[PDB]
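Chain by chain, the residues:
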Amino acid sequence: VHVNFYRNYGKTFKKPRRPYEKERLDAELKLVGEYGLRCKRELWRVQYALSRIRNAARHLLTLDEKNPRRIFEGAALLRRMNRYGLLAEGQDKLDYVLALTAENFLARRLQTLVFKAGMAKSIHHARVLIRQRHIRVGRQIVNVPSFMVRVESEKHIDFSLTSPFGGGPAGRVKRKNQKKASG
Amino acid sequence: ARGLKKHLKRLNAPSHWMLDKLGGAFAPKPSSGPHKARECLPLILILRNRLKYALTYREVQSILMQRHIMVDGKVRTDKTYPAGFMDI
Amino acid sequence: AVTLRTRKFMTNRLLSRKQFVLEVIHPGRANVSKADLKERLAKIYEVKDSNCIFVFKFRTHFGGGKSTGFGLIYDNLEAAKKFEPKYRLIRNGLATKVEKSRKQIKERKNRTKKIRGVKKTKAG
Amino acid sequence: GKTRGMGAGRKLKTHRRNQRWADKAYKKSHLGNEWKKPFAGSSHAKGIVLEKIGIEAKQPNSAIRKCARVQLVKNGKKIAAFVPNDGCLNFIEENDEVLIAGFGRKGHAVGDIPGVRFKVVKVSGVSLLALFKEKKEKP
Amino acid sequence: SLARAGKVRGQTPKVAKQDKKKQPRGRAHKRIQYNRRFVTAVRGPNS
RNA sequence: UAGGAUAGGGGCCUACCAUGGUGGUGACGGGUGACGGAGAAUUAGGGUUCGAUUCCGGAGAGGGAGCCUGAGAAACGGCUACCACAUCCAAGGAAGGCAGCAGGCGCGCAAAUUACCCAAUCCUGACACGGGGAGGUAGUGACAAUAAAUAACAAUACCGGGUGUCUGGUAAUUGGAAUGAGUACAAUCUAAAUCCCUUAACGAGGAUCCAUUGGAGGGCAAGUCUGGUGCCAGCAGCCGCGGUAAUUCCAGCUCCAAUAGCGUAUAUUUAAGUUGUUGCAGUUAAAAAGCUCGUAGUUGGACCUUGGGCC
Ligand SMILES: [K+]
Ligand SMILES: [K+]
Ligand SMILES: [Mg+2]
Ligand SMILES: [Mg+2]
Ligand SMILES: [Mg+2]
Ligand SMILES: [Mg+2]
Ligand SMILES: [Mg+2]
Ligand SMILES: [Mg+2]
Ligand SMILES: [Mg+2]
Ligand SMILES: [Mg+2]
Ligand SMILES: [Mg+2]
Ligand SMILES: [Mg+2]
Ligand SMILES: [Mg+2]
Ligand SMILES: [Mg+2]
Ligand SMILES: [Mg+2]
Ligand SMILES: [Mg+2]
Ligand SMILES: [Mg+2]
Ligand SMILES: [Mg+2]
Ligand SMILES: [Mg+2]
Ligand SMILES: [Mg+2]
Ligand SMILES: [Mg+2]
Ligand SMILES: [Mg+2]
Ligand SMILES: [Mg+2]
């Protein structure tokens, strides 16, 4: 026996049924363009996660109100949404979470928040800065642009101490230029 | 098949032994004893996995051989002795 | 500077030691060597010698500036050489490494299991 | 029409069991004849090029399709395999080593080629695509 | 008759590949696609 | 019924007796490219297909049979015999069982190292201590799967939208900064090594540190551009294209889709309300038996506690 065989594993995107449709292609390209993504997979996985959440919520809403197997996970789902900055404080019902959409999720990505916090000149500059180890959430360096930030950590994104943009020594380009100008 | 089995697979262990699935291929088979081997907590799962006294299947022995464990008013050395309910 | 923080501390009287999870905050350096860390642990825990301290299973956190591992402190060196695996004694120079091959030993065992008597050792 | 009694489960089950046989796909799969085909339920096969032939395309088309008569090594059956990608008949020689695959319609003739259900995929351990694009040379 | 196999490909004229700058890859390729189709698109892409 | 045998019940076997036992609610027999299950894929629901493989149960050690020891075996990394292979040999004899690990031949469309270690999980022995191809570790690995680089910004030149200013877009143009792929002290990892994580020093401008796979008539997103061929060569899953002006073949440019993934072949889930219990059909499209009777099956009129509170 190999114990490593017991590790669960799964897939995170689905691909569309009809591959060549003009309106869907333009919609997806529009979203990719101003959300600074890399391919249609980065958006298909967000759609997949949102579909799972919506299916769970719809299954919950089909049950009777006085059913504990509705109350408990309804509270849990609303707690997760209010924790991730998706649902507002004025939407505390299971019906509002059915109205969620993909741009709600894409608005909470670390790249999107870095761009909207004024730290990046553009949403592509934000992704470049994230992947170059210049951004720390709380105290932890993050170099994953898909990092979904929570509300309590929204006030801690800042350039890292090691980063030249957060008080670090000059990079090899600047140091090479100083070496050239030294002699 | 032709006789008794001396091995217990981790996935076949009792549920109340909350054992990490990727911790190994085998679980400690409880020895023959007072309790039914499915409602028992072997000594290996006491000095380990419940107390941090021992870290491996090498220091449970290193402290049983010192005769440091006295279950039900008697020193016991078998690391898979089945302490099963209300045993002191 | 470098700071050390011990968590999940426990005085194991059964094995006569103290075990803890050790966290090193080391900004400005890649890591802290176990040799450079044993003296710090001794100076902050008042251990007369430097051999009863065993630090292992270290790991640097992603991003850097932090490391964690496990540590053990022994009341006596004689108690230390009674409970640890030999390899940890080797790491601190408290034992000697024996150079041997398992397959060679199995070769010899199979070869000499056919001879009966004191002549087994004669087949060298 | 249908038997709607609550006690009529056996009648419905037996009727459906009998009537599944009129299905073309079900009868194809559950008759067991798929094992008597040359591939014997295999995706690909291997063979020896017996000869190089051409077949006139069916009407209203007019062309000569460069096929190849080959013999499978797993059961000895002789089949004709298409050779696509113009100029790829030159790569095939006599008594040569080829890997054959189905043509695409699951045991049905594809295109205007009369009675050809296989296409040559590899020759002498090299793909026809690599030779056609000059990525590889025949050994 | 198999003597005419590989006729047109063998007898076609040969023109070498051109030389050009490499296109952006990954995120930048989608960036330029979005710019070409939404930003500066104020009717065929290969007219 | 009475014994025999077994650890023990029992036609399990023996003597005697009786004629019973199963079957259209499918016995008996045949096929299975059939080990059974937990489960897998696809799933509006119902469903269809698969289930050799790491968990549970069973069976086997080339094929059958018989048995010793032992608490436990009809054991094969135990014996005895026969059949089939096959190994030395001094030709009198002797020894065999990889469906264990690694490896070889063969078969094939189809599957990796004759490596290290008991450090972990556990098991076994007289035993804290030996041993463990169980198990773990490294090697090969685009089976499958996760995250994710291949550039970002400014100026200048050119061109747009809200005479003018701003906004926005392209240039093997000009600048600077940023960084990891790579290399490498070092420490850490590890039973010992290695990978990762961390990090001195070096490391990007055509940032050559050069993205690919399929297509561009329709289905189906993208060319009635240019050159070649001329019902030939070929393309084409289907419809179809090529007979001197080819939007479909052979190539260049341009463009499109997915993108470190894509194409092709088989099997089967959806699509399929084209298997229809949910939920299909039967005048003419395929499909009411020539007609009636008829047992099993399926299906069968109405009628019998309500006031009565309390609660
Ligand atoms: K009996
Ligand atoms: K025994
Ligand atoms: Mg077994
Ligand atoms: Mg009897
Ligand atoms: Mg009799
Ligand atoms: Mg079978
Ligand atoms: Mg099975
Ligand atoms: Mg296997
Ligand atoms: Mg099994
Ligand atoms: Mg057996
Ligand atoms: Mg065999
Ligand atoms: Mg046997
Ligand atoms: Mg064997
Ligand atoms: Mg065996
Ligand atoms: Mg393979
Ligand atoms: Mg073309
Ligand atoms: Mg179109
Ligand atoms: Mg033309
Ligand atoms: Mg119909
Ligand atoms: Mg008619
Ligand atoms: Mg009719
Ligand atoms: Mg009639
Ligand atoms: Mg009635």
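So, the sheet that holds strand β3 (residues 158–159) of chain A
Either a parallel or an antiparallel arrangement is found when strands of a sheet pair, and the pairing is made through backbone hydrogen bonds. All names here are of chain A. Taken in spatial order, the three strands line up as β2-β1-β3 in an open sheet, and their pairing is antiparallel. Looking at which strands have only one partner, the edges of the open sheet turn out to be β2 (140–142) and β3. In terms of strand pairing, strand β1 (residues 135–137) meets β3 through two bridges, oriented antiparallel. Within β3, the position partnered with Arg136 by the bridge is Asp158.

Quick notes on the interface of chain B and chain C
In this complex, chain B contributes ten residues to the contact, which on the side of chain C involves eight residues. Of the roughly 920 Å² buried between chain B and chain C on both sides combined, carbon and sulfur atoms contribute 57%. Applying the counting criterion to the chain B and chain C interface returns one salt bridge. Seen at the junction of chain B and chain C, the total is three residue pairs in polar contact. Residues that form the side of chain B that touches chain C fall into these classes: four nonpolar, three polar and three charged.

Brief notes about the layout of surface pockets
Size it by volume and the largest pocket reaches roughly 660 Å³. Taken together, 24 residues make up the lining of the largest pocket; nearest its centre are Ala54(B), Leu55(B), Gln19(C), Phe56(C) and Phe70(C). Broken down by element, the residue count for the lining of the largest pocket peaks at four residues, all from strand β2 (residues 17–25) of chain C. Across the lining of the largest pocket, the residue classes break down as twelve nonpolar, four polar and eight charged.

Considering the sheet that holds strand β3 (residues 53–60) of chain C
All names here are of chain C. Taken together, the four strands give an open sheet; going across it, the order is β1-β2-β4-β3, and neighbouring strands pair in antiparallel fashion. Strands at the two margins of the open sheet, each flanked by one partner only, are β1 (3–12) and β3. Between one strand axis and the next, the sheet turns through 20° on average, direction left out of account. Alignment of β2 against strand β4 (residues 66–74), held across nine bridges, turns out to be antiparallel. Within the sheet, the bridge partner assigned to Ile25 lies in β4 and is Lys66. Lying over the sheet, helix α1 (residues 34–45) contacts β1, β2, β3 and β4, oriented at roughly 125° with respect to β3.

Section: the UniProt feature "binding site: Mg(2+)" (unreviewed entry) in chain B
Residues and elements named next belong to chain B. Mapped onto this numbering, the UniProt entry gives "binding site: Mg(2+)" (unreviewed entry) at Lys29. Examined against the element boundaries, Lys29 turns out to sit in the loop between β2 (26–27) and β3 (41–42). Look past the residues within four positions of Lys29 in its chain and what remains in contact with it is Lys5, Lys6, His7, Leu8 and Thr80.

Quick look at the state of the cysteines
All names here are of chain D. Inspection of every chain in the model, using the stated rule, returns zero disulfides over all chains. You can see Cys67 has no disulfide; the closest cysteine sulfur is in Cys88, sitting 13 Å from it. Judged by its relative accessible area of 0%, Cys67 is buried.

What about the packing of aromatic side chains?
Residue and element names in this part refer to chain D. Scanning all chains against the criterion turns up twelve aromatic pairs over all chains. On the numbers, 4.8 Å between centres and 65° between planes, the contact of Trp21 with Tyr26 is edge-to-face. According to the relative accessible area criterion, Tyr26 is buried, its value standing at 15%. Taken together, a centroid distance of 5.7 Å and an interplanar angle of 25° make the contact between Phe82 and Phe103 stacked. Of the two residues, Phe82 is situated in strand β3 (residues 78–82) and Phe103 in the loop between β4 (97–102) and β5 (118–123); the sequence distance between them amounts to 21 residues. The same class applies to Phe82 as to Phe103, namely buried.

Examining the nonpolar core
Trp17(B), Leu47(B), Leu22(C), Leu37(C), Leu41(C), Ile53(C) and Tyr74(C) are the most contacted members of the largest nonpolar core, which totals 41 residues. For this core, the secondary structure elements donating two or more residues are α1 (44–47) and α2 (59–64) of chain B together with β2, α1, β3, β4 and α2 (77–83) of chain C. Counting residues per element, this core draws most heavily on β3(C), which supplies four residues. In this view, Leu41(C) contacts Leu4(C), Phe20(C), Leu22(C), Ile53(C), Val55(C) and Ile73(C); residues no more than four positions away in its chain are not counted.

Here we look at the environment of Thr121(C)
Looking at the element boundaries, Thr121(C) is found in the segment after α4 (102–112). Along the backbone, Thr121(C) and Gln19(C) are 102 residues apart, and their C-alpha atoms lie at a distance of 46 Å.

Concerning the environment of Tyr96(A)
All names here are of chain A. When you line up the elements, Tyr96 lands in helix α4 (residues 94–98). Along the backbone, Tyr96 and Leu78 are 18 residues apart, and their C-alpha atoms lie at a distance of 9.5 Å. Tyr96 has contacts with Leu87, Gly90 and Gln91, leaving out every residue within four places of it along the chain.

Focus on the protein's contact with RNA strand F
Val1(A), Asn177(A), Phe26(B), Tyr57(B) and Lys7(E) are the nearest of the 158 residues found near RNA strand F. Backbone atoms, meaning sugar plus phosphate, form 75% of the atoms of RNA strand F positioned within 4 Å of the protein. For RNA strand F, a phosphate oxygen lies 3.2 Å from a polar atom in the backbone of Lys29(B). One nitrogen or oxygen atom from the main chain of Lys57(C) is found 3.4 Å from a phosphate oxygen belonging to RNA strand F. It is helix α2 (residues 27–39) of chain E that provides the largest number of residues to the surface near RNA strand F, a total of ten residues. Within the surface near RNA strand F, the residues separate by chemical class into 46 nonpolar, 49 polar and 63 charged.

Rules used in this analysis
Residues numbered from 1 in each chain as written, not as in the entry; some residues may be left out. Chains lettered and ligands numbered in written order. Part of a larger assembly, values for the part shown. Heavy atoms only, no water. Residues with missing side-chain atoms left out of burial classes, pairs and counts. Pairing = 2+ DSSP bridges. Helix = DSSP H or I, 4+ residues; strand = E, 2+ residues; numbered from the N terminus. Contact = heavy atoms within 4.5 Å. Buried area = accessible area lost by both parts, 1.4 Å probe. Salt bridge = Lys/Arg side-chain N within 4 Å of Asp/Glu carboxyl O. Polar contact = N/O pair within 3.5 Å; in protein donor to acceptor, adjacent residues only side chain to side chain. Nonpolar A, V, L, I, M, F, W, Y, C, P; charged D, E, K, R; others polar. 1 Å grid on protein atoms, 1.4 Å probe; cavity = no way out; pocket = protein on both sides within 12 Å on 5 of 7 lines; lining within 4 Å. Points joined across faces, edges and corners; volume = space filled by probe spheres on them. Axes fitted to C-alpha atoms, helices over the stretch in contact; angles between N-to-C directions. UniProt positions renumbered as here; feature names shortened; annotations may be inferred. Disulfide = S-S within 2.5 Å. Buried < 20%, exposed > 50% of the residue type's maximum accessible area, 1.4 Å probe, protein only. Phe/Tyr/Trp six-rings, centres within 6.5 Å; stacked < 30°, edge-to-face > 60°. Core = buried A, V, L, I, M, F, W, Y, C linked by side-chain atoms within 4.5 Å. Near = heavy atom within 4 Å.

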